[PDB]
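Below is one structure, written out as C-alpha cells; comments come after it.
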Amino acid sequence: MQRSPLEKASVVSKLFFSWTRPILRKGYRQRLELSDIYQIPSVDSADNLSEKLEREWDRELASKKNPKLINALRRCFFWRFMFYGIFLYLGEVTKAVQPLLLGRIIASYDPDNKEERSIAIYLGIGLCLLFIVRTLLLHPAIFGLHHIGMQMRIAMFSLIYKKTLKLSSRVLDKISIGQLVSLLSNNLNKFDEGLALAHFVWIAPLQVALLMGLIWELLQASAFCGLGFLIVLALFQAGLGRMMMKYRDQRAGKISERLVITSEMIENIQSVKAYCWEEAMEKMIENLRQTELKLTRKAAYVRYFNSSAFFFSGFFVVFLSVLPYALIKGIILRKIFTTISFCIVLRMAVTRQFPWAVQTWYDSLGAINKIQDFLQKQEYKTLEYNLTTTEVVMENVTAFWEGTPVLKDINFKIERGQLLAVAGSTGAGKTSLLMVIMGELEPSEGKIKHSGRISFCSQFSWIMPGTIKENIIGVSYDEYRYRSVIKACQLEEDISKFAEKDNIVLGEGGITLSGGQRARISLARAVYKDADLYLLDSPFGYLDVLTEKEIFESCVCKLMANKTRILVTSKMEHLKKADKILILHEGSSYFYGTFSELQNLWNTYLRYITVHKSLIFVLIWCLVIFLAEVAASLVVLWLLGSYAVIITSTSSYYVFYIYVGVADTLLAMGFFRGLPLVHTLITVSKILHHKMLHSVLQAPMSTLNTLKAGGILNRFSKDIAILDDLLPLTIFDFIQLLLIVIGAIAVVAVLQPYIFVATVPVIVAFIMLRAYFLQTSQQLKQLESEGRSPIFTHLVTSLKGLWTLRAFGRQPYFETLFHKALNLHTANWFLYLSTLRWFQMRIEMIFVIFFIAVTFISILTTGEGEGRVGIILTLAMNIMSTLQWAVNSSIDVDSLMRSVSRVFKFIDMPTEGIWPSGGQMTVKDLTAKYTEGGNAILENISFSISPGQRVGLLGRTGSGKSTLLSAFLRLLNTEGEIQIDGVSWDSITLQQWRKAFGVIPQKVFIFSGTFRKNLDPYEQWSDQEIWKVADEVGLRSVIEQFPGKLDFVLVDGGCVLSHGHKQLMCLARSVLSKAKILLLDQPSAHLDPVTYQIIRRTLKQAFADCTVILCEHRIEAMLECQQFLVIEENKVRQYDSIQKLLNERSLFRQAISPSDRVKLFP
Ligand SMILES: Cc1nn(C)cc1S(=O)(=O)NC(=O)c1ccc(-n2ccc(OCC(C)(C)C(F)(F)F)n2)nc1N1C[C@@H](C)CC1(C)C
Ligand SMILES: Cc1ccc(NC(=O)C2(c3ccc4c(c3)OC(F)(F)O4)CC2)nc1-c1cccc(C(=O)O)c1
Ligand SMILES: Nc1ncnc2c1ncn2[C@@H]1O[C@H](COP(=O)(O)OP(=O)(O)OP(=O)(O)O)[C@@H](O)[C@H]1O
Ligand SMILES: Nc1ncnc2c1ncn2[C@@H]1O[C@H](COP(=O)(O)OP(=O)(O)OP(=O)(O)O)[C@@H](O)[C@H]1O
Ligand SMILES: CC(C)CCC[C@@H](C)[C@H]1CC[C@H]2[C@@H]3CC=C4C[C@@H](O)CC[C@]4(C)[C@H]3CC[C@]12C
Ligand SMILES: CCCCCCCCCCCC
Ligand SMILES: [Mg+2]
Ligand SMILES: [Mg+2]
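Mapping of the sequence shown onto the entry's author numbering: residues 1 to 402, 437 to 507, 509 to 636, 846 to 885, 902 to 1173, 1203 to 1451, in sequence order.
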C-alpha cells in the first residue's frame, strides 16, 4: 500500500491526470491486488474532515438564534467551490462562440463567399486554439468540484455517527436501522457527483443571454418567437420536477419499513427455517414491494417527459424562429444552418443543464436539512459524579416508560461492599430497576445518589466482533487479572476445545458460540472492569446448576467480596448470602429487609435482457419504427436531389448539414416507445428482487454463516434502488443516442458513400480506448461497491450494543473504527473517480486532434473553385460529436451493470435441498458437524424413543444439546440415518420432514409486526382460537395492557415486552402448531418457579399426547421425563430413571437445591 502518487505529482501531471498511468497499465493485463491500491490523500482523511466541520458547527450553536448547518458548510468550502465555478463558466463560454468560427469555415467552401475565403486560414488557427482551451478548462474544474463534494459527504457522515452514540433512549424508539441506512445509501454516490452540476443554476442563464444576442444578429425580431417556446418548456419541466419529488417522498417511508423487516428475518434465519416460515416471509415482503413499486412507476413516467424534452425541441425551436423571417424575406441555406448551430447550444442550456442544476439543489438541501434535524435530537444525559459517600441510596423513585407506573415508591440503601438481591415475578420491573440506576431511564419522581463508576451485565448478551480475549478486556491488558476472571467464570474448559484457543474471530452477535458461552463472556467482561457498583441482570439463566454454583461461590462472592453489587436472581439459595433482599411485584416493593426478617413474615447484458419476454418484444417494436424513420428520411432527402428559400448549385451541400442538425428530432423516441420501454425495465427489477430473496431463504446454513449483516443490507438496499431509479433512465438515454448516431451515418452513407469511409478512423479509436479503459474500470467499481459493506456492518452492531457501549465508555474506540470504514471506502472511490476523469479527458483530446487534422486539410485543399474534401470531412466530424456523448453514456451504463452482476451472484447461491402418527424414532450412526471438513460435535449417536414418551436432554453448557436438536431438522451437515415411524429422512423430501416437528428455539424471534401476525403469520387460525391459546399460556394480561388487543404493533424486536414474555410467545406458537414430535430447547430460561408452572401444566394438557424432547437445565423439569439422554465428550448416554443418573454423579447432585432434592429423593 504505497503513498498516493498525487502527493508529488508535477503541475503538468496534475493537469492531464497522467499520474494514473501506473494502475491503468497494471490493471489492463492482470487483476489488481490489495497492494496496488494507494492510501488516501491526507486532505480527505475522515479524522481531519470531521474535526474541521465539527469546529465550525459548534460556532453556529453559540452565535446565532437559528443555527443552520449550511452556514457551517459555507465557512469550510465556499471559496474553493466558487473558485472552480469561474473556470467551468469560461469553458462553456468557449463553447457558445464556436459557431462564429466554425460557421465561416464551412461557408468558405462556397466559391461565392469570397470574404470567408480571404481569412479562412486565420479562422482555422483560432478554432484550433478554441478547442485546446476548452479541454484544459473543463476537466480539471469538474474533477475539483467532485473532490469538494466527496469531502463534504465524509465530514457529514462522521458527525451523524458521533451523534448516534449520544442519542437518548427515549428517541431510540423513533429511529430505526432502516432510516439510518436509507440516509447513508441515498447520498453515497449521488451527493459527490452533484457539485459538478450546481453551478449551472447561474451559468445557464448567462449562456442564454449571450446566445440570444448572437441569434439576434441573424434574425432581428423573429428570434424571440423561438425563445417563447423554450420558456414554455422551462415551466413544463419545473412542474415535472415537483411531481417527481412528491412521489419520491411518499415512497420513502415504505423503503425504510422494508429494510428493517428484511434484516430481522435474515438475522434469525435459523428460526425461520425451523418454523418453515419462508413462504410467509416472502409474501410479507412482496406486499411491501408492490405498494412502493407503484410510486416508482409514476415517478419514472414523469422523468421520461423530463428527459425527452431536449430531443423533441430540436426542430420546433428552429422552425418557430426561421418561419417568420422566411415569410417576410427570403432566407439562404447558410443562414438556416447557422441558426441550428446556435440553437443546439441554446437547447442544452435550457432543457438539460439548468433543470438538472435546480433538481440537484433540491436534493442536496433536502438531505442537509434532514441531517440538521438529526443533529439536534435529544441527547443522553450522563449524570456522572466524581465521588460520593461510598454508598448508593434510592429514595421513592417512580418511573414511566411513556398510565400504569413501571415503578413506584422504590427505596433502599446499600453500604460499601454489600450485596443486594432483587427478586420478583416475570414483568415485575427487575430489569427496569437497573435501567433507572444507570441513568438510562429518567424517573418522574424521587432521587438517586451514588458514584459514577458502574459496571453492567445485560440480560440479553451482546457480542462485539473480534477476539474472545478482545471482548473480555478493553484496550488495557492486565495478564494477572485476565487469568483470574477466566478461571472464576468457568471459561477454561470451553476455550481448550477451540481451534485458536482464545483468539477465535467472533462474528457480529457471536453466532459461532453457544447460548451459555455468550452469557459467560458477557459476565467475564463486566467483572474485569474496575468499578464501584456492579449490576448483574440475571447472568445464570442459561447455565446448569453445577456451573452456576461454582461461579456464584468463586466469582460473585469471592473475587468481589469488597465491592458493592446488585444481583437479579430467582434462586432461594442465593438469597441466603445477600446482605439485603428486595422483592418486586407489579412495580411495588413487596418486601425489603434481611433474609431472617423475611423468614418470620458480456453475459450480464444478455441475461438481463432475456429474463422477461415482454422486454424483448418492446425492443423489437422500437427497432421496427426506427427503420421506417430512416427509410422515410431517405425518400424525402433523395427527392430534393423569388423563392422563399434560396438554393444554388454551389450551395446545395448545406442540405446534408441541415439534416444532421435536426436528426435528433426526426429520430426521437416518442411516448409510444419511451413509456413502454421504461415501464418494462421496472418489471425486470421486480422479478429479480423476488428471485434474489427466494434464493437467500433457501441457501444452506453453512453458506449463510459467512455472510455479514452489512453485506446483506448493501445488496438489498443500494443495488435494488439502482435497478429501480437509475438504470431505466440511463438505458433509455443510451439507446436514444445510439439510434441517432446509427441513423445519421446510415442516411448519409447511401447518398454519399465517403462520409462513412471518413468516419472509420474516429469510430475505431473510440472503441479501442473504451476496451482498454474498461479492463481497469470494472475492477475498481467492484472494489468500491464491496467497500460499502463495512460501513453498514459497523452501523448495525453499534445500535444493538448501544447501552453496553455507553456503560463501559468505549465510544472513542468505536468512533475510530468507523473512520477506518470511511477511509477504506474513500480509497477505492477516489481512485475510481480519478481514472474516469482520465478517460473522459482523453476521449475529447482524441476528438481534438482529428478535428485539427480535418480543419487544416479542408482549408488548404479548397482550391480556386469548390472544394469537396472539406465538405465531406467536416460533415464526418459533426456526426462524431454525438458519438462522443454516446460513448460517455455507455460508460455510465456499464458502471450500473455491476449492480446487476452482484444481484445475479446471490441468485446463483446453491439451494440446501398419515405419516406422523406414532412419534417413534430410531437413530443410527448420527454424526453432526457444522462445516464440511470440520470437527464433529457428535459422533456415532444411536438411540430409540418409544412413541408417546417424554425425554429429558441433559448435559453441561456447550456440550452439544442444541446441536442435537438442530441435527434432527438437518440444519447442519449430517452423516447418519433417522427413521420416524419407519420412513427414512432421505426418502421423504426435506420440506415434509421439517413439518413433522414443533420447535421452541433457544433464541426467540420477534419481528416488527402485529401481535396477531407474530402468533400466526399464515393467517390460518381465527381470533377466537388465538385468545383460547392466550388463556392457557397466560398472555391476556400482557396483551390487554397495550392499546391494541391483538392489533398493537411490536417494534424493535418487541422491546416493549419483558424477557419472560417472549418465552410465553414462543410457547403459544408451539401449542398452536400442534405437531406430533416436539423439540423444546429450554423453554423456561429466565422464568421464576411460579411462572414455570405454566410450562408444567401446558406440558400435560396441550401436549398430553406426542413425543416431547425437553432440553431444560432446572432439575424440577426432570420429574416428568421417562428417558434421559446425557451428552458428554461428544457422546450420548441413555438412562431410564433420574435416580440412577444422579447416583453415578456426586458433584452434579451436590449442586441440587434442597427443595428439589427432597422431591427427587423422598
Ligand atoms: C502513457 C500513459 N498510459 N496511460 C494509461 C496513461 C498515460 S499518459 O496519461 O501518460 N498518456 C496517454 O495516455 C496519452 C496522452 C495524450 C494522448 N493524446 C491523444 C491525442 C492527444 O493530443 C493532445 C492535443 C493535441 C489535443 C493537445 F495537447 F493539444 F491538447 N494527446 N493520448 C494518450 N494516450 C495513450 C494511450 C493510453 C491512448 C492515448 C493515445 C489516448
Ligand atoms: C448563499 C449560499 C452560498 C453558497 C452555498 N453553498 C456552498 O457554499 C457549498 C455548497 C453547499 C451545498 C450544495 C452545493 C454547494 O451544491 C449543491 F450540491 F447543490 O448543494 C460549498 C459548500 N449555499 C448557499 C445557501 C443556499 C441555500 C440556503 C442558504 C441559507 O443560508 O439558508 C445558503
Ligand atoms: N454455528 C456454530 N459453528 C461452530 N461451532 C458452533 C456453532 N454453534 C455452536 N458451536 C459450538 O458447538 C458446541 C456445542 O454447541 P451448543 O449449542 O450446542 O451446546 P448446548 O448444550 O446447547 O449449550 P447451552 O446449554 O449453553 O445452550 C460448543 O462448543 C459451541 O461453541
Ligand atoms: N421499553 C419498554 N417500553 C414499555 N414497557 C416496557 C418496556 N420494557 C419493559 N416494559 C414493561 O414493563 C414491565 C416490566 O418490564 P421487565 O423487564 O422490566 O421486568 P422484569 O422483572 O425484568 O421481567 P423478566 O423477569 O421477564 O426479565 C412489563 O410489563 C414490561 O412489559
Ligand atoms: C455574458 C453576458 C453578460 C455578455 C454580454 C451580453 C450582451 C450585452 C451581448 C451578448 C451578445 C452581444 C451582441 C452580439 C452581436 C451584435 C451585432 C452587432 O452588429 C451589434 C451588437 C450586437 C447586437 C451585440 C450586443 C451586445 C450583446 C447582446
Ligand atoms: C453559487 C450558487 C448559490 C446558490 C444560492 C441558492 C439560493 C439561496 C437563497 C437563500 C435561501 C432562501
Ligand atoms: Mg429482566
Ligand atoms: Mg443451547
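For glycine and all other residues, C-beta sits at the position ideal for the given N, C-alpha and C.
- Task: Please name the residue in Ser4, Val1345 and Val855 whose C-alpha comes closest to that of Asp36.
- Result: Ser4
- Go ahead and label residue 1455 buried or exposed: buried means 16 or more other beta carbons lie within 10 angstroms of its beta carbon, across all protein chains shown. No information on residue 1455 is available, as it lies outside the stretch 1 to 1451 that the chain covers here.
- Message: Are the CB atoms of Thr1380 and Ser459 within a distance shorter than 8 Å?
- Response: yes
- Task: Report the option in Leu100, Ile142 and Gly144 whose CA atom is closest to the CA atom of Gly126.
- Result: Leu100
- Beta-carbon proximity check, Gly27 vs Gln1039, cutoff 8 Å: yes
- Query: Exposed or buried, which one is residue 1195 when buried takes at least 16 other CB atoms within 10 Å?
  - Reply: Missing from the coordinates: residue 1195, inside the break in the chain from 1173 to 1203.
- For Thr1122, which of helix, strand or coil comes out of DSSP? coil
- Can you grab the Cα-Cα spacing for the pair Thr547 / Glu267, in whole Å? 13 Å
- Could you tell me the boundaries of the alpha helix (DSSP H) in which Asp58 lies? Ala46 to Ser63
- To which residues does DSSP link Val260 through a beta bridge? Partner(s): none; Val260 has no beta bridge.
- Task: Can you tell me which of the three DSSP states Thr1053 falls into?
- Result: helix
- Contact test: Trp202 Cβ vs ligand 6 heavy atom, cutoff 7 Å: yes
- Contact under 8 Å by Cβ, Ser256 with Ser168: no
- Message: Suppose the cutoff is 8 Å on Cβ atoms and the five residues either side in sequence are ignored; what does the same chain contact list for residue 1452 look like?
- Response: This structure cannot speak to residue 1452, because the chain is shown only from 1 to 1451.
- Item | Inter-residue spacing [alpha-carbon to alpha-carbon] between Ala1081 and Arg1162 | 21 Å
- Thinking C-alpha only, which one of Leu235, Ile488 and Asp529 is nearest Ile502? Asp529
- Message: For residue 436, which residues in the same chain have their Cβ closer than 6 Å to its Cβ, ignoring the five residues on either side in sequence?
- Response: Absent from the coordinates is residue 436, which sits in the stretch where the chain moves from 402 straight to 437.
- Validate contact between the region 329-339 and the region 942-952 using beta carbons, cut 8 Å, 3 pairs: no
- Message: Tell me the rounded alpha-carbon separation between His1054 and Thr1076.
- Response: 11 Å
- Which residue comes first and which comes last in the beta strand (DSSP E) that contains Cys491? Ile488 to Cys491
- Query: Going by DSSP, what residues sit across from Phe446 in a beta bridge?
  - Reply: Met394
- Residue burial classification, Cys1344 (beta-carbon count within 10 angstroms, cutoff 16): exposed
- Note down, in chain order, each residue of its chain lying with its Cβ closer than 7 Å to the Cβ of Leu1254, except the 5 sequence neighbours on either side. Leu1368, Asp1370 and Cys1400
- Task: Count the other CB atoms, across all protein chains shown, that sit within 10 Å of the CB of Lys606; report buried if there are 16 or more and exposed otherwise.
- Result: buried
- Task: State yes or no: is the C-beta of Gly1323 nearer than 7 Å to some heavy atom of ligand 3?
- Result: no
- Message: Measuring only from the beta carbon, is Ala209 closer than 7 Å to any heavy atom that is part of ligand 5?
- Response: yes
- Task: Mind reading off the beta-carbon distance from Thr848 to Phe1164? Whole number of angstroms is fine, and I expect it under 8 Å.
- Result: 7 Å
- What do you reckon, is the C-beta of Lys294 under 7 Å from a heavy atom of ligand 7? no
- Query: Would you report the Cα separation of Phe1300 and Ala1406, rounded to the nearest angstrom?
  - Reply: 29 Å
- CA-to-CA distance, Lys1334 to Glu1321, given in whole angstroms: 17 Å
- Query: Taking 7 Å as the cut-off, does the CB of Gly194 come closer than this to any heavy atom belonging to ligand 2?
  - Reply: yes
- For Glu217, is the beta carbon positioned less than 7 Å from some heavy atom of ligand 5? yes
- Inspect the CB distances between the region 1436-1444 and the region 570-588 and report whether three or more fall short of 8 Å. yes
- Tell me, please, whether the region 92-111 touches the region 145-162 by the rule of three or more beta-carbon pairs shorter than 8 Å. no
- Taking the alpha helix (DSSP H) that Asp1152 falls in, what are its first and last residues? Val1129 to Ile1167
- Query: Cβ of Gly1323 within 8 Å of Cβ of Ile1383?
  - Reply: yes
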